[PDB]
Amino acid sequence: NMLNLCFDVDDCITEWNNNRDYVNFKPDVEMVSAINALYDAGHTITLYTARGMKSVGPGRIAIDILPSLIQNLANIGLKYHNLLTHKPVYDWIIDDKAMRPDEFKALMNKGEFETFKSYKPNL
Amino acid sequence: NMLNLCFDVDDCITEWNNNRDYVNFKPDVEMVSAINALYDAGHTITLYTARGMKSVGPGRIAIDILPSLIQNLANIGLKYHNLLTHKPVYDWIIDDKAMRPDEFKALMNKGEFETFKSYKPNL
Amino acid sequence: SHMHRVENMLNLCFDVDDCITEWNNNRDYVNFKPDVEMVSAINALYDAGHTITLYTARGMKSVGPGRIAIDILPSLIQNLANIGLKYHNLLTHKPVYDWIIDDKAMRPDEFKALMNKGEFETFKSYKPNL
Amino acid sequence: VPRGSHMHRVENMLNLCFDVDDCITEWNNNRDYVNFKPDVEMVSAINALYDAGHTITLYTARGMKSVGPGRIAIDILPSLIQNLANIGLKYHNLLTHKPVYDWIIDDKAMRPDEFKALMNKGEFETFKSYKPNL
Ligand SMILES: [Mg+2]
Ligand SMILES: [Mg+2]
Ligand SMILES: [Mg+2]
Ligand SMILES: [Mg+2]
């Protein structure tokens, strides 16, 4: 029953700031606590970000984006296993196993996340 | 105001069947109608699937998976622009701009989808 | 979970266009002409137990990445069957460069020359040897 | 395509992709990545091409087997980038997660020895790629 979980960073774990002072992006401390609890329990935590794909481009993420992001995540005390970049950008993903951070936090608060059932058509 | 949308195929547009007779996968006709309406209105429709990644493997999706999928989508009368494969598999994606098909259908039924706002931390 | 592999099996990746077949600007893809020598050489390696992957950029500029699955793959796969090519894997969305400089790369002319002499399987890749 | 025209400038900019390991630097099994030794002739050649206006992309498989794809960003990139800075390499793009094959057979591929040879002779920029010529 160990889950394989994928989290956005921006406007999810931290809040976007248009000043783009990335190392100082502000955490949602409730998200950090919840992810850390899941990490401690033995779930796999992957972070996946589109950051930089439009601003510096795919060839520059490694140099120009990753240092400040990784440092931010350390400063806010986030535990995670995997960090993946080059996420594509859509206005919406419609996905049977997707959840927004508000629902995630609500379920974690109630202790209901680990057994929460994903969508099925049930035709 | 034109949206860039990404949809799962399995257990989203169609229902999974363990017999893996892919061409005969059953459509959620409400999903098909909703997607077609968005297509007709000018939104970009991308389908993104993990199908085959575990069963035939990434080198075989092009040969062994795509033909029956494309035929199924034609038989059900789905309109779409883009079809992408090799989707990674997670138990959950936690994403500020994600939605499950039930919420998608509910919003489309009400005429609220196009202006529905994505999640922000609002710290 | 033991997978069977010939001892000294090679994992090989081949371009399709201007490699296995010749480009034609008419873009009648199903009728692209094969280099029969390439087809024979690849088939020989397939028969010996090597893994054959085909990797193509076809369509990336003409129809775009979202359309390759629908508009490019059928005629390509049919072409490869018609020319009698044996292979294991087919991958798309290859990036486009004027040159890849790579320690384990070879152009089709060298590939054919080595295969003619029976020297391909043991041919050594580049090392700096500084 | 008249020489010196915009079209000519554009056509003469090449889009180049280089391996890092056993190409720009030499592999060492000790995996002390920051101290990997440069082929100074490769560094000079790439820097010359960078200065002349060509696009320089580096592409590496490093880490894919040792730490895995989820860890390359954290565990592999810092020491690689530092190495490339210490050796004085100029480049535009750095890409990871390269797949591994024993050989790529490709109409537009060249090994570092041929690359260096052509650069030494001033013949790289106009060197023609392979065509079947059936
Ligand atoms: Mg799904
Ligand atoms: Mg997001
Ligand atoms: Mg290499
Ligand atoms: Mg090619």
# chains A, B, ... in the order shown; residues from 1 in each chain; ligands from 1
$ closest_atom_pairs --of "chain A" --to "ligand 2" --cutoff "7 Å" --atoms "only C-alpha atoms and all ligand atoms" --output "tab-separated table"
residue	atom	partner	partner_atom_place_in_ligand_line	distance
A:8	CA	ligand 2	1 (Mg)	5.5
A:10	CA	ligand 2	1 (Mg)	6.0
A:11	CA	ligand 2	1 (Mg)	6.6
$ residues_near_ligand --ligand "ligand 4" --cutoff "6 Å" --atoms "only C-alpha atoms and all ligand atoms" --output "ChimeraX atom specification"
/C:15 /D:106-108
$ residues_near_ligand --ligand "ligand 1" --cutoff "10 Å" --atoms "only C-alpha atoms and all ligand atoms" --output "VMD selection string"
(chain A and resid 94 to 98 118 to 120) or (chain B and resid 7 to 12 48 to 51 87 to 93 100)
$ residues_near_ligand --ligand "ligand 3" --cutoff "12 Å" --atoms "only C-alpha atoms and all ligand atoms" --output "PyMOL selection string"
(chain C and resi 100-106+125-128) or (chain D and resi 17-27+58-62+96-104+109-112)
$ write_last_selection --atoms "N, CA and C atoms" --output "short mmCIF file (atom, residue, chain, number, x, y, z; two decimals), in the first residue's frame"
data_model
loop_
_atom_site.label_atom_id
_atom_site.label_comp_id
_atom_site.auth_asym_id
_atom_site.auth_seq_id
_atom_site.Cartn_x
_atom_site.Cartn_y
_atom_site.Cartn_z
N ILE C 100 25.74 15.09 -34.30
CA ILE C 100 26.01 14.56 -32.98
C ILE C 100 27.45 14.07 -32.95
N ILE C 101 28.21 14.54 -31.95
CA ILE C 101 29.57 14.11 -31.72
C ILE C 101 29.50 13.20 -30.50
N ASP C 102 29.81 11.92 -30.71
CA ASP C 102 29.44 10.87 -29.77
C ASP C 102 30.48 9.77 -29.89
N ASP C 103 30.98 9.27 -28.74
CA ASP C 103 32.01 8.25 -28.74
C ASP C 103 31.56 6.92 -29.36
N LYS C 104 30.25 6.68 -29.38
CA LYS C 104 29.68 5.43 -29.87
C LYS C 104 28.70 5.68 -31.01
N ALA C 105 29.13 6.50 -31.96
CA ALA C 105 28.34 6.78 -33.15
C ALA C 105 29.10 6.39 -34.41
N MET C 106 28.35 6.11 -35.47
CA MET C 106 28.90 5.62 -36.72
C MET C 106 27.92 6.00 -37.83
N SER C 125 34.75 1.36 -29.85
CA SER C 125 34.32 2.74 -29.84
C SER C 125 35.46 3.67 -29.41
N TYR C 126 35.23 4.97 -29.53
CA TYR C 126 36.25 5.97 -29.27
C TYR C 126 36.54 6.13 -27.78
N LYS C 127 37.83 6.25 -27.46
CA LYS C 127 38.26 6.61 -26.12
C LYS C 127 39.28 7.74 -26.24
N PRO C 128 39.22 8.76 -25.35
CA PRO C 128 40.20 9.84 -25.37
C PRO C 128 41.65 9.40 -25.27
N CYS D 17 25.57 18.81 -31.12
CA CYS D 17 25.31 18.07 -29.90
C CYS D 17 26.51 17.20 -29.55
N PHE D 18 27.09 17.44 -28.37
CA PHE D 18 28.27 16.72 -27.92
C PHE D 18 28.00 15.86 -26.69
N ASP D 19 28.47 14.62 -26.71
CA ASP D 19 28.61 13.85 -25.48
C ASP D 19 29.60 14.56 -24.56
N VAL D 20 29.44 14.34 -23.24
CA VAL D 20 30.43 14.81 -22.29
C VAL D 20 31.46 13.72 -22.05
N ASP D 21 31.01 12.57 -21.53
CA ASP D 21 31.93 11.53 -21.11
C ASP D 21 32.61 10.82 -22.28
N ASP D 22 33.91 10.56 -22.11
CA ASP D 22 34.75 9.98 -23.14
C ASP D 22 34.60 10.72 -24.46
N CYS D 23 34.52 12.04 -24.36
CA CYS D 23 34.32 12.90 -25.50
C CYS D 23 34.97 14.25 -25.20
N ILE D 24 34.34 15.06 -24.35
CA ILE D 24 34.96 16.29 -23.88
C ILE D 24 35.93 16.03 -22.74
N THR D 25 35.53 15.15 -21.81
CA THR D 25 36.38 14.68 -20.73
C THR D 25 36.54 13.17 -20.80
N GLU D 26 37.50 12.66 -20.03
CA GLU D 26 37.81 11.24 -20.00
C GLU D 26 37.15 10.61 -18.77
N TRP D 27 36.55 9.42 -18.97
CA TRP D 27 35.90 8.74 -17.86
C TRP D 27 36.95 8.25 -16.87
N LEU D 58 25.34 20.13 -24.96
CA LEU D 58 25.95 18.97 -24.33
C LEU D 58 24.82 18.03 -23.91
N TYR D 59 25.03 16.73 -24.09
CA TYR D 59 24.01 15.72 -23.83
C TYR D 59 24.68 14.54 -23.14
N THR D 60 24.19 14.15 -21.96
CA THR D 60 24.84 13.11 -21.20
C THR D 60 23.88 12.06 -20.64
N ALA D 61 24.39 10.82 -20.59
CA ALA D 61 23.72 9.71 -19.93
C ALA D 61 24.16 9.53 -18.48
N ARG D 62 25.04 10.42 -18.02
CA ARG D 62 25.68 10.21 -16.73
C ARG D 62 24.63 10.12 -15.64
N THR D 96 20.26 16.12 -20.06
CA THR D 96 20.52 14.88 -19.35
C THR D 96 19.56 13.79 -19.83
N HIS D 97 19.61 12.63 -19.16
CA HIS D 97 18.72 11.52 -19.42
C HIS D 97 18.89 10.94 -20.82
N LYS D 98 20.12 11.01 -21.35
CA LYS D 98 20.42 10.43 -22.64
C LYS D 98 20.28 8.91 -22.55
N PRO D 99 19.60 8.25 -23.53
CA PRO D 99 19.55 6.80 -23.54
C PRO D 99 20.91 6.20 -23.89
N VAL D 100 21.12 4.95 -23.51
CA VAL D 100 22.39 4.28 -23.73
C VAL D 100 22.23 3.18 -24.78
N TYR D 101 23.07 3.27 -25.82
CA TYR D 101 23.21 2.22 -26.82
C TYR D 101 24.69 1.89 -26.99
N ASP D 102 24.98 0.68 -27.45
CA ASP D 102 26.34 0.33 -27.82
C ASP D 102 26.81 1.10 -29.05
N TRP D 103 25.88 1.31 -29.99
CA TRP D 103 26.12 2.13 -31.17
C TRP D 103 24.86 2.85 -31.60
N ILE D 104 25.03 4.11 -32.03
CA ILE D 104 24.04 4.81 -32.81
C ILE D 104 24.56 4.87 -34.25
N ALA D 109 26.24 11.67 -37.65
CA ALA D 109 27.02 11.40 -36.45
C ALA D 109 28.50 11.35 -36.79
N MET D 110 29.31 11.69 -35.79
CA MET D 110 30.75 11.73 -35.93
C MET D 110 31.36 11.45 -34.56
N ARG D 111 32.47 10.70 -34.54
CA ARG D 111 33.16 10.43 -33.29
C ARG D 111 34.17 11.54 -33.03
N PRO D 112 34.63 11.72 -31.77
CA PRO D 112 35.48 12.87 -31.44
C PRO D 112 36.80 12.92 -32.21
#
$ select_by_dssp --residues "chain D" --states "helix (DSSP H, G or I)" --output "ChimeraX atom specification"
/D:6-11,33-35,40-52,72-87,112-121
$ closest_atom_pairs --of "chain D" --to "chain A" --cutoff "6 Å" --atoms "only C-alpha atoms" --output "tab-separated table"
residue	atom	partner	partner_atom	distance
D:70	CA	A:82	CA	4.2
D:71	CA	A:82	CA	5.7
D:93	CA	A:59	CA	4.0
D:94	CA	A:59	CA	5.0
D:95	CA	A:59	CA	5.9
$ write_last_selection --atoms "N, CA and C atoms" --output "short mmCIF file (atom, residue, chain, number, x, y, z; two decimals), in the first residue's frame"
data_model
loop_
_atom_site.label_atom_id
_atom_site.label_comp_id
_atom_site.auth_asym_id
_atom_site.auth_seq_id
_atom_site.Cartn_x
_atom_site.Cartn_y
_atom_site.Cartn_z
N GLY D 70 15.61 9.98 -11.33
CA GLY D 70 15.07 10.91 -10.36
C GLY D 70 16.11 11.67 -9.54
N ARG D 71 17.37 11.22 -9.60
CA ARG D 71 18.43 11.80 -8.80
C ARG D 71 19.47 12.60 -9.59
N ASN D 93 23.59 24.85 -24.09
CA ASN D 93 22.58 23.96 -23.54
C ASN D 93 23.22 22.73 -22.92
N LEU D 94 22.64 22.25 -21.83
CA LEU D 94 23.06 21.03 -21.17
C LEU D 94 21.81 20.19 -20.91
N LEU D 95 21.80 18.99 -21.51
CA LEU D 95 20.68 18.07 -21.42
C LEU D 95 21.14 16.74 -20.84
#
$ atom_distance --atom1 "CA of residue 32 (chain A)" --atom2 "CA of residue 76 (chain A)"
7.7 Å
$ residues_around --residues "residue 57 (chain C)" --least-positions-apart "5" --cutoff "7 Å" --atoms "only C-alpha atoms" --output "PDB file with N, CA and C atoms, in the first residue's frame"
ATOM      1  N   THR C  92      10.020   7.487 -31.804  1.00  0.00           N
ATOM      2  CA  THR C  92       9.815   8.728 -32.532  1.00  0.00           C
ATOM      3  C   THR C  92      10.288   9.929 -31.714  1.00  0.00           C
ATOM      4  N   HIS C  93      10.017  11.138 -32.222  1.00  0.00           N
ATOM      5  CA  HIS C  93      10.336  12.381 -31.535  1.00  0.00           C
ATOM      6  C   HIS C  93      11.836  12.579 -31.315  1.00  0.00           C
ATOM      7  N   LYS C  94      12.646  12.060 -32.243  1.00  0.00           N
ATOM      8  CA  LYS C  94      14.082  12.260 -32.180  1.00  0.00           C
ATOM      9  C   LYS C  94      14.397  13.738 -32.384  1.00  0.00           C
ATOM     10  N   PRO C  95      15.287  14.335 -31.560  1.00  0.00           N
ATOM     11  CA  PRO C  95      15.701  15.711 -31.784  1.00  0.00           C
ATOM     12  C   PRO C  95      16.560  15.836 -33.035  1.00  0.00           C
ATOM     13  N   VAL C  96      16.607  17.047 -33.588  1.00  0.00           N
ATOM     14  CA  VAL C  96      17.332  17.292 -34.818  1.00  0.00           C
ATOM     15  C   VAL C  96      18.563  18.156 -34.550  1.00  0.00           C
TER      16      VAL C  96
END
$ select_by_dssp --residues "chain C" --states "strand (DSSP E)" --output "PyMOL selection string"
chain C and resi 11-15+51-55+89-91+99-101+105-106
$ atom_distance --atom1 "CA of residue 31 (chain C)" --atom2 "CA of residue 79 (chain C)"
6.6 Å
$ residues_around --residues "residue 116 (chain A)" --least-positions-apart "3" --cutoff "12 Å" --atoms "only C-alpha atoms" --output "list in words"
residues 1, 3, 97, 98, 99, 103, 104, 106, 107, 108, 110, 111, 112, 113 and 119 of chain A; 91 and 92 of chain B
$ write_last_selection --atoms "N, CA and C atoms" --output "short mmCIF file (atom, residue, chain, number, x, y, z; two decimals), in the first residue's frame"
data_model
loop_
_atom_site.label_atom_id
_atom_site.label_comp_id
_atom_site.auth_asym_id
_atom_site.auth_seq_id
_atom_site.Cartn_x
_atom_site.Cartn_y
_atom_site.Cartn_z
N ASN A 1 0.81 -1.22 0.00
CA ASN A 1 0.00 0.00 0.00
C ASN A 1 0.84 1.28 0.00
N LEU A 3 2.52 4.32 -1.77
CA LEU A 3 2.07 5.08 -2.93
C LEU A 3 3.24 5.74 -3.64
N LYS A 97 -6.30 10.07 -11.83
CA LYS A 97 -5.53 10.03 -10.60
C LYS A 97 -4.85 11.37 -10.32
N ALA A 98 -5.63 12.45 -10.44
CA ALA A 98 -5.14 13.78 -10.16
C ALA A 98 -5.91 14.42 -9.01
N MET A 99 -5.24 15.35 -8.33
CA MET A 99 -5.81 15.99 -7.15
C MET A 99 -5.13 17.35 -7.00
N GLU A 103 -7.56 19.77 -1.98
CA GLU A 103 -8.13 18.47 -1.67
C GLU A 103 -7.12 17.57 -0.96
N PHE A 104 -5.87 17.61 -1.42
CA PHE A 104 -4.80 16.85 -0.80
C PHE A 104 -4.66 17.21 0.67
N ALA A 106 -6.90 18.63 2.62
CA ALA A 106 -8.13 18.30 3.33
C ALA A 106 -8.14 16.81 3.69
N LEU A 107 -7.78 15.96 2.72
CA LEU A 107 -7.74 14.53 2.96
C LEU A 107 -6.67 14.17 3.98
N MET A 108 -5.49 14.80 3.89
CA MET A 108 -4.42 14.53 4.84
C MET A 108 -4.84 14.95 6.26
N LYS A 110 -7.81 14.84 7.52
CA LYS A 110 -8.77 13.85 7.99
C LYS A 110 -8.21 12.43 8.10
N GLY A 111 -6.97 12.23 7.65
CA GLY A 111 -6.35 10.91 7.62
C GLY A 111 -6.92 9.99 6.54
N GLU A 112 -7.47 10.59 5.47
CA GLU A 112 -8.19 9.85 4.44
C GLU A 112 -7.44 9.72 3.11
N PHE A 113 -6.26 10.34 3.00
CA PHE A 113 -5.56 10.38 1.73
C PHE A 113 -5.10 9.00 1.27
N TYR A 119 -10.64 8.07 -9.61
CA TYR A 119 -11.83 8.06 -10.43
C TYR A 119 -11.92 6.84 -11.34
N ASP B 91 0.50 6.90 -8.66
CA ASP B 91 -0.77 6.67 -7.98
C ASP B 91 -1.58 7.95 -7.84
N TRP B 92 -0.88 9.08 -7.66
CA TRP B 92 -1.49 10.40 -7.67
C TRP B 92 -0.54 11.44 -8.24
#
$ residues_around --residues "residue 98 (chain C)" --least-positions-apart "4" --cutoff "12 Å" --atoms "only C-alpha atoms" --output "PyMOL selection string"
chain D and resi 11-18+54-57+106-110+124-130
$ write_last_selection --atoms "C-alpha atoms" --output "PDB file, in the first residue's frame"
ATOM      1  CA  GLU D  11      22.712  28.703 -42.691  1.00  0.00           C
ATOM      2  CA  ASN D  12      26.310  28.735 -41.470  1.00  0.00           C
ATOM      3  CA  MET D  13      25.298  28.448 -37.803  1.00  0.00           C
ATOM      4  CA  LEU D  14      25.424  24.720 -37.010  1.00  0.00           C
ATOM      5  CA  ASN D  15      23.316  23.018 -34.339  1.00  0.00           C
ATOM      6  CA  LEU D  16      25.789  20.748 -32.566  1.00  0.00           C
ATOM      7  CA  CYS D  17      25.307  18.074 -29.901  1.00  0.00           C
ATOM      8  CA  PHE D  18      28.273  16.718 -27.921  1.00  0.00           C
ATOM      9  CA  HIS D  54      27.340  27.786 -33.615  1.00  0.00           C
ATOM     10  CA  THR D  55      24.879  26.382 -31.061  1.00  0.00           C
ATOM     11  CA  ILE D  56      26.598  24.096 -28.554  1.00  0.00           C
ATOM     12  CA  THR D  57      24.480  21.488 -26.765  1.00  0.00           C
ATOM     13  CA  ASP D 106      23.096   7.943 -37.827  1.00  0.00           C
ATOM     14  CA  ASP D 107      23.631   9.902 -41.061  1.00  0.00           C
ATOM     15  CA  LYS D 108      24.781  12.963 -39.075  1.00  0.00           C
ATOM     16  CA  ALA D 109      27.020  11.396 -36.452  1.00  0.00           C
ATOM     17  CA  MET D 110      30.753  11.729 -35.934  1.00  0.00           C
ATOM     18  CA  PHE D 124      34.408  20.698 -40.140  1.00  0.00           C
ATOM     19  CA  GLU D 125      32.009  23.503 -41.055  1.00  0.00           C
ATOM     20  CA  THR D 126      31.591  22.338 -44.665  1.00  0.00           C
ATOM     21  CA  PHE D 127      31.886  18.586 -44.078  1.00  0.00           C
ATOM     22  CA  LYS D 128      28.978  16.742 -45.708  1.00  0.00           C
ATOM     23  CA  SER D 129      26.828  14.225 -43.857  1.00  0.00           C
ATOM     24  CA  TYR D 130      25.972  10.788 -45.228  1.00  0.00           C
TER      25      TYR D 130
END
$ residues_around --residues "region 76-87 of chain D" --least-positions-apart "4" --cutoff "7 Å" --atoms "only C-alpha atoms" --output "list in words"
residues 62 of chain A; 33, 34, 35, 38, 63 and 72 of chain D
$ atom_distance --atom1 "CA of residue 109 (chain C)" --atom2 "CA of residue 50 (chain D)"
29.1 Å
